[PDB]
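Visitor: Supplied structure: start.txt, compact mmCIF, C-alpha atoms and all ligand atoms.
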# COMPACT_ATOMS: atom_id res chain seq x y z
CA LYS A 8 69.02 24.38 -24.54
CA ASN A 9 67.06 21.12 -25.30
CA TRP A 10 66.16 19.55 -28.69
CA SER A 11 64.11 16.84 -26.90
CA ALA A 12 61.17 18.99 -25.69
CA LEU A 13 60.31 19.85 -29.35
CA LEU A 14 60.04 16.05 -30.04
CA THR A 15 58.25 15.10 -26.80
CA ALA A 16 55.58 17.82 -27.17
CA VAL A 17 54.34 15.91 -30.33
CA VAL A 18 53.84 12.56 -28.44
CA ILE A 19 51.76 14.22 -25.67
CA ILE A 20 49.14 15.75 -28.01
CA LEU A 21 48.79 12.63 -30.17
CA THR A 22 48.19 10.73 -26.89
CA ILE A 23 45.65 13.22 -25.53
CA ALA A 24 43.61 13.71 -28.73
CA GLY A 25 43.56 10.09 -29.96
CA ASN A 26 42.58 8.54 -26.63
CA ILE A 27 39.87 11.21 -26.20
CA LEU A 28 38.54 10.14 -29.67
CA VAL A 29 38.48 6.46 -28.56
CA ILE A 30 36.70 7.48 -25.31
CA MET A 31 34.29 9.56 -27.54
CA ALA A 32 33.68 6.66 -29.98
CA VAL A 33 32.62 4.10 -27.25
CA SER A 34 30.53 6.76 -25.36
CA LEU A 35 28.55 7.65 -28.55
CA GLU A 36 28.42 5.19 -31.52
CA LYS A 37 26.05 2.22 -30.73
CA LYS A 38 28.00 -0.31 -32.96
CA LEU A 39 30.84 -0.17 -30.32
CA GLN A 40 28.70 -1.00 -27.22
CA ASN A 41 30.24 -4.45 -26.53
CA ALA A 42 32.24 -5.64 -23.51
CA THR A 43 35.60 -5.85 -25.41
CA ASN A 44 35.11 -2.21 -26.54
CA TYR A 45 34.28 -1.21 -22.94
CA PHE A 46 37.83 -2.29 -21.92
CA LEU A 47 39.40 -0.28 -24.81
CA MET A 48 37.81 2.93 -23.45
CA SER A 49 39.18 2.20 -19.93
CA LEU A 50 42.61 1.54 -21.51
CA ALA A 51 42.31 4.91 -23.35
CA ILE A 52 41.44 6.63 -20.01
CA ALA A 53 44.74 5.28 -18.66
CA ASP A 54 46.61 6.44 -21.82
CA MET A 55 44.97 9.88 -21.66
CA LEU A 56 45.68 10.17 -17.91
CA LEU A 57 49.27 9.17 -18.67
CA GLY A 58 49.34 12.01 -21.26
CA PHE A 59 47.80 14.65 -18.89
CA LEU A 60 49.54 13.78 -15.62
CA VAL A 61 52.76 11.73 -16.15
CA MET A 62 54.12 12.76 -19.57
CA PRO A 63 54.46 16.64 -19.37
CA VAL A 64 56.30 16.32 -16.01
CA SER A 65 58.68 13.87 -17.79
CA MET A 66 59.21 16.60 -20.48
CA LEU A 67 59.70 19.19 -17.68
CA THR A 68 62.50 17.12 -16.08
CA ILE A 69 64.09 16.79 -19.56
CA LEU A 70 64.19 20.63 -19.50
CA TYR A 71 66.02 20.68 -16.14
CA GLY A 72 68.74 18.11 -17.11
CA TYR A 73 66.85 15.52 -14.91
CA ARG A 74 67.42 17.66 -11.76
CA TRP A 75 63.84 17.42 -10.34
CA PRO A 76 62.08 20.87 -10.52
CA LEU A 77 59.05 20.43 -8.19
CA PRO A 78 58.14 19.66 -4.53
CA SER A 79 59.90 16.53 -3.20
CA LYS A 80 56.72 14.72 -1.99
CA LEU A 81 55.40 15.05 -5.60
CA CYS A 82 58.22 12.77 -6.82
CA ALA A 83 56.87 9.69 -4.95
CA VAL A 84 53.35 10.57 -6.21
CA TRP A 85 54.40 11.12 -9.86
CA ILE A 86 56.15 7.73 -9.72
CA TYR A 87 52.87 6.13 -8.43
CA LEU A 88 50.91 7.68 -11.35
CA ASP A 89 53.61 6.54 -13.86
CA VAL A 90 53.55 2.91 -12.58
CA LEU A 91 49.76 2.71 -11.96
CA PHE A 92 48.74 3.81 -15.50
CA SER A 93 51.14 1.27 -17.05
CA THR A 94 50.17 -1.47 -14.57
CA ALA A 95 46.58 -0.53 -15.59
CA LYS A 96 47.35 -1.16 -19.29
CA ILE A 97 48.99 -4.59 -18.74
CA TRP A 98 46.10 -5.85 -16.55
CA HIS A 99 43.68 -4.40 -19.15
CA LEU A 100 45.36 -6.14 -22.04
CA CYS A 101 45.40 -9.36 -19.92
CA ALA A 102 41.68 -9.09 -19.06
CA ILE A 103 40.55 -8.60 -22.74
CA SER A 104 42.54 -11.67 -23.88
CA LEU A 105 41.14 -13.64 -20.91
CA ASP A 106 37.52 -12.34 -21.27
CA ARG A 107 37.41 -13.13 -25.03
CA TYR A 108 38.75 -16.64 -24.27
CA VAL A 109 35.93 -17.39 -21.68
CA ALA A 110 33.51 -15.92 -24.28
CA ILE A 111 34.29 -18.91 -26.60
CA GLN A 112 33.30 -21.44 -23.78
CA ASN A 113 29.78 -19.83 -23.31
CA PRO A 114 26.49 -19.60 -25.31
CA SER A 122 25.89 -6.30 -20.24
CA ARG A 123 27.64 -3.11 -18.99
CA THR A 124 27.40 -4.44 -15.40
CA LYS A 125 29.40 -7.46 -16.79
CA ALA A 126 32.14 -5.02 -17.85
CA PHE A 127 32.14 -2.20 -15.18
CA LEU A 128 32.59 -4.79 -12.43
CA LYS A 129 35.55 -6.29 -14.33
CA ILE A 130 37.07 -2.87 -15.10
CA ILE A 131 36.70 -1.89 -11.39
CA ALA A 132 38.30 -5.28 -10.56
CA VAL A 133 41.35 -4.49 -12.81
CA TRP A 134 41.90 -0.85 -11.70
CA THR A 135 41.77 -1.99 -8.06
CA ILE A 136 44.45 -4.61 -8.76
CA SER A 137 46.55 -1.80 -10.32
CA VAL A 138 45.89 0.63 -7.42
CA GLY A 139 46.67 -2.18 -4.94
CA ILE A 140 49.92 -3.25 -6.62
CA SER A 141 51.28 0.32 -7.15
CA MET A 142 50.47 1.34 -3.50
CA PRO A 143 53.86 0.37 -1.86
CA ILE A 144 55.44 3.26 -3.86
CA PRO A 145 53.89 6.31 -2.11
CA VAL A 146 53.33 4.49 1.24
CA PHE A 147 57.10 3.87 1.61
CA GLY A 148 58.46 6.58 -0.77
CA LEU A 149 56.80 9.44 1.09
CA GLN A 150 58.56 8.15 4.28
CA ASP A 151 62.07 7.80 2.72
CA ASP A 152 63.06 10.23 -0.13
CA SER A 153 65.82 7.69 -1.13
CA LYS A 154 63.37 5.15 -2.58
CA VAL A 155 62.18 7.79 -5.11
CA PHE A 156 65.23 10.14 -5.57
CA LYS A 157 68.76 9.36 -6.81
CA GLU A 158 71.09 12.44 -6.85
CA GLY A 159 68.21 15.01 -6.84
CA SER A 160 66.72 13.19 -9.90
CA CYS A 161 63.26 11.71 -9.34
CA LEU A 162 63.05 8.02 -10.35
CA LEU A 163 62.43 4.70 -8.57
CA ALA A 164 65.67 4.15 -6.56
CA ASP A 165 64.42 1.05 -4.66
CA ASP A 166 65.48 -2.11 -6.53
CA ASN A 167 63.05 -4.42 -4.60
CA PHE A 168 60.13 -2.37 -5.94
CA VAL A 169 61.56 -2.72 -9.49
CA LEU A 170 62.45 -6.45 -9.33
CA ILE A 171 59.29 -7.45 -7.42
CA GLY A 172 57.01 -5.04 -9.26
CA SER A 173 58.24 -6.01 -12.79
CA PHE A 174 57.79 -9.78 -12.48
CA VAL A 175 54.80 -9.79 -10.08
CA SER A 176 53.08 -6.90 -11.93
CA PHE A 177 54.13 -7.85 -15.49
CA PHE A 178 54.72 -11.61 -15.63
CA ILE A 179 51.53 -12.86 -13.95
CA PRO A 180 49.53 -10.88 -16.56
CA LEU A 181 51.75 -11.18 -19.67
CA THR A 182 51.90 -14.98 -19.27
CA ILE A 183 48.11 -15.18 -18.82
CA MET A 184 47.63 -12.79 -21.79
CA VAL A 185 50.03 -14.68 -24.15
CA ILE A 186 48.45 -18.07 -23.22
CA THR A 187 44.84 -16.88 -23.56
CA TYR A 188 45.63 -15.09 -26.89
CA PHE A 189 47.21 -18.30 -28.31
CA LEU A 190 44.39 -20.55 -27.03
CA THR A 191 41.74 -18.14 -28.45
CA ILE A 192 43.41 -18.50 -31.89
CA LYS A 193 43.27 -22.34 -31.51
CA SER A 194 39.58 -22.21 -30.34
CA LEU A 195 38.64 -20.25 -33.50
CA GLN A 196 40.65 -22.60 -35.70
CA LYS A 197 38.86 -25.73 -34.32
CA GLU A 198 35.45 -23.97 -34.79
CA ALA A 199 36.03 -23.18 -38.50
CA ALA A 200 37.52 -26.79 -38.85
CA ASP A 201 34.41 -28.26 -37.06
CA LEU A 202 31.96 -26.16 -39.23
CA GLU A 203 33.27 -27.07 -42.72
CA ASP A 204 33.37 -30.65 -41.35
CA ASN A 205 29.59 -30.35 -40.90
CA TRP A 206 29.52 -28.76 -44.40
CA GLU A 207 30.61 -32.04 -46.07
CA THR A 208 28.43 -34.14 -43.68
CA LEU A 209 25.25 -32.20 -44.52
CA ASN A 210 26.22 -31.56 -48.18
CA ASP A 211 27.36 -35.21 -48.81
CA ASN A 212 23.99 -36.50 -47.40
CA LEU A 213 21.96 -34.09 -49.58
CA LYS A 214 23.41 -35.68 -52.74
CA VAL A 215 22.47 -39.11 -51.10
CA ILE A 216 18.79 -38.24 -50.50
CA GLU A 217 18.45 -36.79 -54.09
CA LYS A 218 19.90 -40.07 -55.59
CA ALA A 219 17.68 -42.39 -53.48
CA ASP A 220 15.44 -45.35 -54.54
CA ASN A 221 13.77 -46.24 -51.18
CA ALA A 222 12.99 -45.21 -47.54
CA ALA A 223 16.32 -46.77 -46.27
CA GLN A 224 18.56 -44.16 -47.99
CA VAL A 225 16.36 -41.23 -46.82
CA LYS A 226 15.70 -42.27 -43.13
CA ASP A 227 19.37 -43.20 -42.48
CA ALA A 228 20.66 -40.08 -44.27
CA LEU A 229 18.24 -37.78 -42.33
CA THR A 230 19.25 -39.56 -39.06
CA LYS A 231 22.92 -38.81 -39.97
CA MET A 232 21.93 -35.24 -40.99
CA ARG A 233 20.12 -34.64 -37.66
CA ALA A 234 23.00 -35.53 -35.25
CA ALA A 235 25.38 -33.58 -37.57
CA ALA A 236 22.88 -30.67 -37.34
CA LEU A 237 22.93 -31.06 -33.47
CA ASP A 238 26.73 -30.31 -33.37
CA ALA A 239 26.33 -26.78 -34.92
CA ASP A 245 18.26 -24.54 -33.70
CA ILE A 246 15.36 -24.25 -36.24
CA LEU A 247 16.65 -26.76 -38.89
CA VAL A 248 16.51 -29.56 -36.23
CA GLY A 249 12.69 -29.27 -36.42
CA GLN A 250 12.83 -29.05 -40.27
CA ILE A 251 14.77 -32.36 -40.49
CA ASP A 252 12.20 -33.81 -37.97
CA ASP A 253 9.32 -32.31 -40.04
CA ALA A 254 10.92 -34.30 -42.98
CA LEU A 255 12.07 -37.38 -40.87
CA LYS A 256 8.35 -38.28 -40.40
CA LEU A 257 7.71 -38.36 -44.25
CA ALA A 258 10.31 -41.13 -44.83
CA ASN A 259 9.01 -43.04 -41.72
CA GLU A 260 5.52 -43.31 -43.31
CA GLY A 261 7.30 -44.22 -46.64
CA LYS A 262 6.55 -40.92 -48.53
CA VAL A 263 9.92 -41.03 -50.32
CA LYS A 264 9.29 -38.68 -53.34
CA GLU A 265 7.87 -36.16 -50.77
CA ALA A 266 10.81 -36.33 -48.30
CA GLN A 267 13.28 -35.88 -51.26
CA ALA A 268 11.53 -32.59 -52.25
CA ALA A 269 11.33 -31.55 -48.51
CA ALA A 270 15.15 -31.96 -48.37
CA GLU A 271 15.87 -29.44 -51.22
CA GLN A 272 13.82 -27.05 -48.97
CA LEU A 273 16.35 -28.05 -46.21
CA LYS A 274 19.21 -27.03 -48.65
CA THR A 275 18.15 -23.36 -48.50
CA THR A 276 17.88 -23.35 -44.62
CA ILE A 277 21.34 -25.05 -44.56
CA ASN A 278 23.13 -22.61 -46.93
CA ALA A 279 21.53 -19.64 -45.08
CA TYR A 280 22.57 -20.81 -41.54
CA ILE A 281 26.17 -21.97 -42.43
CA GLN A 282 27.19 -18.65 -44.09
CA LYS A 283 25.92 -16.54 -41.08
CA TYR A 284 27.98 -18.63 -38.59
CA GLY A 285 30.94 -18.58 -41.07
CA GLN A 286 30.74 -14.70 -41.35
CA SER A 287 30.69 -14.54 -37.50
CA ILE A 288 33.84 -16.65 -37.15
CA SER A 289 35.83 -14.70 -39.96
CA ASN A 290 34.80 -11.46 -38.09
CA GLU A 291 36.12 -12.82 -34.75
CA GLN A 292 39.49 -13.83 -36.33
CA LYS A 293 39.85 -10.30 -37.86
CA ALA A 294 38.93 -9.04 -34.31
CA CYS A 295 41.38 -11.40 -32.56
CA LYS A 296 44.05 -10.11 -35.01
CA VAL A 297 43.33 -6.41 -34.23
CA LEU A 298 43.95 -6.93 -30.49
CA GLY A 299 47.06 -8.98 -31.29
CA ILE A 300 48.52 -5.76 -32.76
CA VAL A 301 47.50 -3.67 -29.66
CA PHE A 302 49.03 -6.57 -27.62
CA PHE A 303 52.21 -6.84 -29.85
CA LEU A 304 53.03 -3.11 -30.05
CA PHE A 305 52.69 -2.80 -26.23
CA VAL A 306 55.42 -5.34 -25.39
CA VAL A 307 57.79 -4.48 -28.25
CA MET A 308 57.79 -0.75 -27.50
CA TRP A 309 58.22 -1.22 -23.73
CA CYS A 310 60.64 -4.11 -24.29
CA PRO A 311 63.85 -1.97 -24.49
CA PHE A 312 62.87 0.10 -21.45
CA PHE A 313 61.96 -3.02 -19.45
CA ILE A 314 65.13 -5.04 -20.13
CA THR A 315 67.44 -2.01 -19.51
CA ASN A 316 65.65 -1.05 -16.21
CA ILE A 317 66.18 -4.66 -14.98
CA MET A 318 69.86 -4.60 -16.10
CA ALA A 319 70.28 -1.28 -14.13
CA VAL A 320 69.68 -3.41 -10.97
CA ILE A 321 71.60 -6.51 -12.14
CA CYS A 322 74.89 -4.78 -13.19
CA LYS A 323 74.97 -1.96 -10.63
CA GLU A 324 78.71 -2.80 -10.39
CA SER A 325 79.79 -3.93 -13.91
CA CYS A 326 78.15 -1.18 -16.16
CA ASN A 327 78.23 2.57 -16.88
CA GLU A 328 75.05 3.75 -15.22
CA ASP A 329 75.51 7.14 -17.06
CA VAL A 330 74.90 5.20 -20.31
CA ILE A 331 72.21 2.93 -18.69
CA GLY A 332 70.62 6.17 -17.36
CA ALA A 333 71.01 7.91 -20.76
CA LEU A 334 69.01 4.99 -22.36
CA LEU A 335 66.23 4.85 -19.70
CA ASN A 336 65.72 8.61 -20.37
CA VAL A 337 65.32 7.61 -24.10
CA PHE A 338 63.64 4.19 -23.84
CA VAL A 339 60.78 5.43 -21.63
CA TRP A 340 59.55 7.62 -24.55
CA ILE A 341 59.34 4.57 -26.77
CA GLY A 342 56.75 3.19 -24.32
CA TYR A 343 55.05 6.56 -23.85
CA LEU A 344 54.46 6.61 -27.64
CA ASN A 345 52.51 3.36 -27.17
CA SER A 346 49.70 5.54 -25.68
CA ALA A 347 49.52 7.46 -29.00
CA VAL A 348 49.24 4.33 -31.23
CA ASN A 349 46.28 2.30 -29.82
CA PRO A 350 43.99 4.90 -31.55
CA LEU A 351 45.79 4.66 -34.92
CA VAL A 352 45.45 0.84 -34.95
CA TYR A 353 41.63 1.25 -34.75
CA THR A 354 41.62 3.98 -37.43
CA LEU A 355 43.15 1.74 -40.14
CA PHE A 356 41.61 -1.62 -39.09
CA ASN A 357 38.06 -0.73 -37.94
CA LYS A 358 35.52 0.79 -40.37
CA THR A 359 33.53 1.78 -37.24
CA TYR A 360 36.22 3.79 -35.40
CA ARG A 361 37.54 5.38 -38.66
CA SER A 362 33.99 6.56 -39.71
CA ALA A 363 33.43 7.91 -36.19
CA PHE A 364 36.84 9.69 -35.86
CA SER A 365 36.31 11.15 -39.39
CA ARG A 366 33.07 12.80 -38.12
CA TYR A 367 34.43 14.17 -34.80
CA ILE A 368 37.14 16.01 -36.76
CA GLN A 369 34.21 17.49 -38.86
CA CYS A 370 32.68 18.51 -35.41
CA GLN A 371 29.59 16.34 -36.10
CA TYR A 372 28.42 14.14 -33.18
CA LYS A 373 24.89 12.62 -34.00
CA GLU A 374 24.69 8.83 -34.73
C1 LIG B 401 44.25 10.71 -10.00
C2 LIG B 401 43.04 11.47 -10.50
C3 LIG B 401 42.90 12.78 -9.74
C4 LIG B 401 43.10 11.75 -11.99
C5 LIG B 401 41.80 12.16 -12.60
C6 LIG B 401 40.96 10.99 -13.08
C7 LIG B 401 39.81 11.40 -14.02
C8 LIG B 401 40.31 12.27 -15.18
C9 LIG B 401 39.04 10.18 -14.53
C10 LIG B 401 38.68 9.25 -13.34
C11 LIG B 401 37.21 8.86 -13.52
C12 LIG B 401 36.95 9.10 -15.00
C13 LIG B 401 35.52 9.08 -15.50
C14 LIG B 401 34.85 7.78 -15.09
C15 LIG B 401 33.71 7.41 -15.98
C16 LIG B 401 33.32 8.08 -17.06
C17 LIG B 401 32.05 7.68 -17.77
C18 LIG B 401 32.26 7.48 -19.25
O1 LIG B 401 31.01 7.21 -19.90
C19 LIG B 401 32.88 8.71 -19.86
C20 LIG B 401 34.20 9.07 -19.17
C21 LIG B 401 34.11 9.25 -17.63
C22 LIG B 401 33.36 10.56 -17.28
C23 LIG B 401 35.54 9.23 -17.03
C24 LIG B 401 36.40 10.41 -17.49
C25 LIG B 401 37.79 10.47 -16.84
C26 LIG B 401 37.71 10.40 -15.32
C27 LIG B 401 36.96 11.64 -14.79
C1 LIG B 402 81.93 2.34 -20.39
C2 LIG B 402 82.16 1.26 -19.31
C3 LIG B 402 82.12 1.84 -17.89
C4 LIG B 402 81.19 0.07 -19.45
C5 LIG B 402 79.74 0.45 -19.60
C6 LIG B 402 78.86 -0.65 -20.17
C7 LIG B 402 77.38 -0.27 -20.37
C8 LIG B 402 77.25 1.10 -21.05
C9 LIG B 402 76.62 -1.38 -21.13
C10 LIG B 402 76.66 -2.72 -20.35
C11 LIG B 402 75.20 -3.17 -20.17
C12 LIG B 402 74.53 -2.59 -21.40
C13 LIG B 402 73.02 -2.65 -21.54
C14 LIG B 402 72.49 -4.07 -21.32
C15 LIG B 402 71.11 -4.26 -21.85
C16 LIG B 402 70.48 -3.43 -22.68
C17 LIG B 402 69.11 -3.76 -23.24
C18 LIG B 402 69.12 -3.93 -24.75
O1 LIG B 402 67.90 -3.44 -25.33
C19 LIG B 402 70.32 -3.23 -25.35
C20 LIG B 402 70.69 -1.93 -24.62
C21 LIG B 402 71.08 -2.11 -23.14
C22 LIG B 402 70.45 -0.99 -22.29
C23 LIG B 402 72.63 -2.14 -22.94
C24 LIG B 402 73.31 -0.80 -23.28
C25 LIG B 402 74.81 -0.74 -22.97
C26 LIG B 402 75.11 -1.17 -21.52
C27 LIG B 402 74.44 -0.17 -20.56
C1 LIG B 403 55.44 -6.15 -21.48
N1 LIG B 403 56.64 -5.52 -20.91
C2 LIG B 403 58.00 -5.95 -21.04
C3 LIG B 403 56.24 -4.49 -20.15
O1 LIG B 403 55.13 -4.10 -20.01
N2 LIG B 403 57.26 -3.66 -19.46
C4 LIG B 403 57.00 -2.49 -18.59
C5 LIG B 403 58.22 -1.56 -18.48
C6 LIG B 403 58.06 -0.54 -17.35
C7 LIG B 403 56.77 0.27 -17.54
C8 LIG B 403 56.49 1.06 -16.24
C9 LIG B 403 56.19 2.55 -16.50
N3 LIG B 403 57.02 3.41 -15.97
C10 LIG B 403 57.83 2.96 -14.95
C11 LIG B 403 58.52 4.11 -14.24
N4 LIG B 403 59.30 4.98 -15.11
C12 LIG B 403 59.95 6.17 -14.52
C13 LIG B 403 59.20 7.01 -13.71
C14 LIG B 403 59.77 8.12 -13.13
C15 LIG B 403 61.10 8.42 -13.37
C16 LIG B 403 61.86 7.60 -14.20
CL1 LIG B 403 63.58 7.79 -14.66
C17 LIG B 403 61.30 6.49 -14.76
CL2 LIG B 403 62.52 5.63 -15.75
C18 LIG B 403 58.58 5.21 -16.36
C19 LIG B 403 57.76 4.04 -16.93
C20 LIG B 403 55.55 -0.63 -17.82
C21 LIG B 403 55.76 -1.67 -18.92
MG MG B 404 32.21 -36.08 -48.09
Would you write the structure of this file as structure tokens?
Ligand SMILES: CC(C)CCC[C@@H](C)[C@H]1CC[C@H]2[C@@H]3CC=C4C[C@@H](O)CC[C@]4(C)[C@H]3CC[C@]12C
Ligand SMILES: CC(C)CCC[C@@H](C)[C@H]1CC[C@H]2[C@@H]3CC=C4C[C@@H](O)CC[C@]4(C)[C@H]3CC[C@]12C
Ligand SMILES: CN(C)C(=O)N[C@H]1CC[C@H](CCN2CCN(c3cccc(Cl)c3Cl)CC2)CC1
Ligand SMILES: [Mg+2]
Guide:
Amino acid sequence: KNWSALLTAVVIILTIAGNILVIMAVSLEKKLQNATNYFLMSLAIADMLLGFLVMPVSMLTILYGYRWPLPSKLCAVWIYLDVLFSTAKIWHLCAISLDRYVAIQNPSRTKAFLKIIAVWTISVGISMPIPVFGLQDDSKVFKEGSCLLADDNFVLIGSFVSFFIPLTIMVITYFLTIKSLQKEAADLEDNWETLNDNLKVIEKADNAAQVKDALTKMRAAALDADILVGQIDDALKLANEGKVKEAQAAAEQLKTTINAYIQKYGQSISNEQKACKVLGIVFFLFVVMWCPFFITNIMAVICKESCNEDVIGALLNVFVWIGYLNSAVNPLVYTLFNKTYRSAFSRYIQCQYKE
């Protein structure tokens, strides 16, 4: 008689339906066809595959008191799917953080589907000791007729190698991305005063000194931020001949090109900080929900002697569902914090699929 299967059946269908909707939204709606959204589909494939393959077998074992109810050579395989799909999500979340960072030092699907194939192959490579050695020796994958990783080298080596190369690189490249977008906003409303200051200088002017210097100083300050470089140069010639009343009126026709360009760049940055913050929640929820399973699984190995493994085991059976639930919640994040995903999901529920 088990309570727990009534709970766990919820988490599986949330996982399956939501991650299908994310897969559906990137496949269909054109305003999601960018490289960072191509990763989020691949992530959702992993979360949906976790929900189809790994999670109902976990529920099944809950209904046999953890005494493993299937063929023995499926235990080593099930473990490989359970580790792969998670190792897939951590190298996904690392890649997005890293790819958006290299995007800031810069001015395609084949961009993305090489990088996704690069990440999946580093997951398939890293998880591959499990069935190659587990299918040889049933005592890497079974303890006491319960299917679970029973090799501590695979846990210790896998956890740090598979989760601390990527987490480190993800938490550095997330932090540096925040600092790159803070310097860009700082550097742009620096150029605001420099251009704006100099406008008030050219409108006050007496002579061709105050106009030619203050368009020289406008031009280099324009060069830090395309088309307005010519429009300063189209007005830099008027002051050089001495046409001062003409260059002053040409500059209030620069004021409109300036206000138009600054706001567009400024909207783009405020977008990309809202977008950096959405991932940061996808990133934050992943660690925090796996955090109790992770720490306890490592302490299983560290205090084999000094601790009640019945209690340690009774928590791992509980803590692994906290991290399963993480599959369910990536889609909810998008629903409340993207207009684009919410509008799309709200039309797939109305069975209406034409952009
Ligand atoms: C371990 C194996 C047997 C599990 C099964 C993996 C299956 C479900 C995976 C692997 C390859 C995946 C497909 C690869 C690429 C695409 C194209 C994309 O535009 C829509 C989804 C779609 C069609 C994927 C759907 C899910 C998929 C079919
Ligand atoms: C009763 C006698 C034999 C002693 C048993 C001590 C056991 C039950 C103790 C010692 C080590 C402990 C674990 C150490 C680390 C963590 C991770 C953290 O998120 C809190 C829970 C958890 C998982 C603890 C639960 C209780 C624990 C398993
Ligand atoms: C950022 N942080 C800290 C992390 O990502 N931590 C990680 C914690 C471990 C997660 C691995 C996923 N599997 C491992 C194997 N598990 C298992 C399988 C069969 C039987 C039994 Cl009993 C068990 Cl317990 C279930 C979960 C990935 C994330
Ligand atoms: Mg000033």
Visitor: Neighbours of ligand LIG 402 (chain B) at 8 Å or closer, counting all atoms listed in the file: which residues, as number ranges by chain?
Guide: A: 310-312, 314-316, 318-319, 322, 325-331, 334-335
Visitor: If you measure from CA of residue 19 in chain A to CA of residue 65 in chain A, what distance in Å do you get, rounded to one decimal?
Guide: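 Distance between the two atoms: 10.5 Å.
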Visitor: Of the candidates A:252, A:166, A:211, A:151, which one gets nearest to residue 230 in chain A if we count all atoms listed in the file?
Guide: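 So, comparing all the options, the nearest one is A:252.
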Visitor: Which is closer to residue 287 in chain A than all the others in A:348, A:363, A:270, A:202, using only C-alpha atoms?
Guide: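 Ranking A:348, A:363, A:270, A:202 by distance to residue 287 in chain A, first place goes to A:202.
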Visitor: Got a sec to check which residues lie within 9 Å of ligand MG 404 (chain B), using only C-alpha atoms and all ligand atoms, and send them as a ChimeraX atom specification?
Guide: /A:204,206-212
Visitor: Would you mind telling me which residue in A:30, A:295, A:51, A:216 lies nearest to residue 106 in chain A when using all atoms listed in the file?
Guide: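 That would be A:295, the residue with the smallest distance to residue 106 in chain A.
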Visitor: Hey, could you make a per-residue contact list for chain A against ligand LIG 403 (chain B) with 7 Å as the cut-off, showing the nearest pair of atoms and its distance in Å to one decimal, counting only C-alpha atoms and all ligand atoms, sorted by chain and number, as a Markdown table?
Guide:
| residue | atom | partner | partner_atom | distance |
| --- | --- | --- | --- | --- |
| A:85 | CA | B:LIG403 | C14 | 7.0 |
| A:86 | CA | B:LIG403 | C14 | 5.0 |
| A:89 | CA | B:LIG403 | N3 | 5.1 |
| A:90 | CA | B:LIG403 | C9 | 4.7 |
| A:93 | CA | B:LIG403 | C20 | 4.9 |
| A:94 | CA | B:LIG403 | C20 | 6.3 |
| A:97 | CA | B:LIG403 | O1 | 6.3 |
| A:161 | CA | B:LIG403 | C15 | 5.6 |
| A:162 | CA | B:LIG403 | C15 | 3.6 |
| A:163 | CA | B:LIG403 | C15 | 6.2 |
| A:173 | CA | B:LIG403 | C4 | 6.9 |
| A:177 | CA | B:LIG403 | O1 | 6.0 |
| A:181 | CA | B:LIG403 | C1 | 6.5 |
| A:305 | CA | B:LIG403 | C1 | 6.4 |
| A:306 | CA | B:LIG403 | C1 | 4.0 |
| A:309 | CA | B:LIG403 | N2 | 5.0 |
| A:310 | CA | B:LIG403 | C2 | 4.6 |
| A:312 | CA | B:LIG403 | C5 | 5.8 |
| A:313 | CA | B:LIG403 | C5 | 4.1 |
| A:335 | CA | B:LIG403 | CL2 | 5.5 |
| A:336 | CA | B:LIG403 | CL1 | 6.2 |
| A:339 | CA | B:LIG403 | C18 | 5.7 |
Visitor: Would you mind exporting the chosen residues as a PDB file, in the frame of the given file, restricted to C-alpha atoms?
Guide:
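That gives us again-v2.pdb:
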ATOM      1  CA  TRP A  85      54.400  11.120  -9.860  1.00  0.00           C
ATOM      2  CA  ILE A  86      56.150   7.730  -9.720  1.00  0.00           C
ATOM      3  CA  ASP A  89      53.610   6.540 -13.860  1.00  0.00           C
ATOM      4  CA  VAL A  90      53.550   2.910 -12.580  1.00  0.00           C
ATOM      5  CA  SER A  93      51.140   1.270 -17.050  1.00  0.00           C
ATOM      6  CA  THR A  94      50.170  -1.470 -14.570  1.00  0.00           C
ATOM      7  CA  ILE A  97      48.990  -4.590 -18.740  1.00  0.00           C
ATOM      8  CA  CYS A 161      63.260  11.710  -9.340  1.00  0.00           C
ATOM      9  CA  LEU A 162      63.050   8.020 -10.350  1.00  0.00           C
ATOM     10  CA  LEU A 163      62.430   4.700  -8.570  1.00  0.00           C
ATOM     11  CA  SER A 173      58.240  -6.010 -12.790  1.00  0.00           C
ATOM     12  CA  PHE A 177      54.130  -7.850 -15.490  1.00  0.00           C
ATOM     13  CA  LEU A 181      51.750 -11.180 -19.670  1.00  0.00           C
ATOM     14  CA  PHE A 305      52.690  -2.800 -26.230  1.00  0.00           C
ATOM     15  CA  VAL A 306      55.420  -5.340 -25.390  1.00  0.00           C
ATOM     16  CA  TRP A 309      58.220  -1.220 -23.730  1.00  0.00           C
ATOM     17  CA  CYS A 310      60.640  -4.110 -24.290  1.00  0.00           C
ATOM     18  CA  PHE A 312      62.870   0.100 -21.450  1.00  0.00           C
ATOM     19  CA  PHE A 313      61.960  -3.020 -19.450  1.00  0.00           C
ATOM     20  CA  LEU A 335      66.230   4.850 -19.700  1.00  0.00           C
ATOM     21  CA  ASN A 336      65.720   8.610 -20.370  1.00  0.00           C
ATOM     22  CA  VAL A 339      60.780   5.430 -21.630  1.00  0.00           C
TER      23      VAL A 339
END
Visitor: For a quick check of understanding, using all atoms listed in the file, which of A:343, A:353, A:92, A:147 has the smallest distance to residue 134 in chain A?
Guide: A:92
Visitor: Could you list, as an MDAnalysis selection string, all the residues within 10 Å of ligand LIG 401 (chain B), counting only C-alpha atoms and all ligand atoms?
Guide: chainID A and resid 27 30:31 33:35 45 48:49 51:53 55:57 59:60 84 87:88 91:92 127
Visitor: With distances taken over all atoms listed in the file, which residue among A:304, A:70, A:292, A:50 lies nearest residue 192 in chain A?
Guide: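 Counting all atoms listed in the file, the residue closest to residue 192 in chain A is A:292.
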